[PDB]
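What follows is a set of notes on a single structure, which appears directly below.
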Amino acid sequence: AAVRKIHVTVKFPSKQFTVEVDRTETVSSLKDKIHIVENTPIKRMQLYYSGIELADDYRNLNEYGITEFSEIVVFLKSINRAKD
């Protein structure tokens, strides 16, 4: 395919949701999208990718092998969302 945008499947234990990102953007941009959807800070949120866990925020999605079928499981830590 000749497409510069990619879709990512974000799986939570309670719910699932999909997000739209660019292949040339870093996983931190994917985390930004997750943060927008969720109420949990990125510094707390943990991200696991089918098979290999990417701990490198600065790693690009395309360079890491993230496609339009990417399956990523995301874990939420206990945080404080008072007065939100």
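Naming works like this for the structure tokens: A, B, ... for the chains as they're shown, residue 1 at the start of each chain, ligands 1 onward in shown order.
Once residue A:51 and its same-chain neighbours fewer than 3 positions away are set aside, residues 48, 54, 71 and 72 of chain A remain within 10 Å of it when counting only C-alpha atoms.
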**Message:** So that I can see what lies close to residue A:9, please list as number ranges by chain the residues with an atom at most 8 Å from it, counting only C-alpha atoms and leaving out residues fewer than 4 positions away in the same chain.
**Reply:** A: 16-19, 69-72
**Message:** as number ranges by chain, please: the residues near stretch 75-80 of chain A (cut-off 7 Å, only C-alpha atoms, same-chain neighbours under 2 positions excluded).
**Reply:** A: 12, 40, 44-47, 73, 82
Mind writing the picked residues with N, CA and C atoms as a PDB file, in the first residue's frame?
ATOM      1  N   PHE A  12      -8.009  -2.239  25.948  1.00  0.00           N
ATOM      2  CA  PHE A  12      -8.049  -2.239  27.406  1.00  0.00           C
ATOM      3  C   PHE A  12      -8.806  -3.457  27.929  1.00  0.00           C
ATOM      4  N   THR A  40      -5.949   9.063  31.735  1.00  0.00           N
ATOM      5  CA  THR A  40      -4.741   8.656  32.442  1.00  0.00           C
ATOM      6  C   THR A  40      -3.495   9.220  31.770  1.00  0.00           C
ATOM      7  N   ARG A  44       2.133   7.411  33.204  1.00  0.00           N
ATOM      8  CA  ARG A  44       1.631   6.305  34.009  1.00  0.00           C
ATOM      9  C   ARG A  44       1.166   5.154  33.121  1.00  0.00           C
ATOM     10  N   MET A  45       0.547   5.495  31.995  1.00  0.00           N
ATOM     11  CA  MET A  45       0.033   4.490  31.070  1.00  0.00           C
ATOM     12  C   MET A  45       1.160   3.596  30.560  1.00  0.00           C
ATOM     13  N   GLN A  46       0.900   2.294  30.515  1.00  0.00           N
ATOM     14  CA  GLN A  46       1.855   1.344  29.954  1.00  0.00           C
ATOM     15  C   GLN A  46       1.346   0.778  28.633  1.00  0.00           C
ATOM     16  N   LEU A  47       2.264   0.548  27.700  1.00  0.00           N
ATOM     17  CA  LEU A  47       1.896   0.166  26.342  1.00  0.00           C
ATOM     18  C   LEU A  47       2.621  -1.108  25.917  1.00  0.00           C
ATOM     19  N   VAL A  73      -1.942  -3.575  23.312  1.00  0.00           N
ATOM     20  CA  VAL A  73      -2.650  -3.654  24.584  1.00  0.00           C
ATOM     21  C   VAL A  73      -2.112  -2.633  25.578  1.00  0.00           C
ATOM     22  N   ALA A  82      -9.293  13.870  40.080  1.00  0.00           N
ATOM     23  CA  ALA A  82     -10.239  14.695  40.820  1.00  0.00           C
ATOM     24  C   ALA A  82     -10.411  16.058  40.158  1.00  0.00           C
TER      25      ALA A  82
END
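For the set A:66, A:42, A:61, A:34, the residue with the smallest atom-to-atom gap to residue A:10 is A:34, counting only C-alpha atoms.
Distance annotation: of A:15, A:57, A:52, A:23, the residue with the minimal separation from residue A:37 is A:15; atom set is only C-alpha atoms.
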**Asked** Can you list every residue in stretch 53-83 of chain A that DSSP puts in alpha helix (DSSP H), as a ChimeraX atom specification?
**Response** /A:61-64
**Asked** So which residues touch residue A:68 within 7 Å, counting only C-alpha atoms, skipping near sequence neighbours fewer than 6 positions away, as a PyMOL selection string?
**Response** chain A and resi 6-8
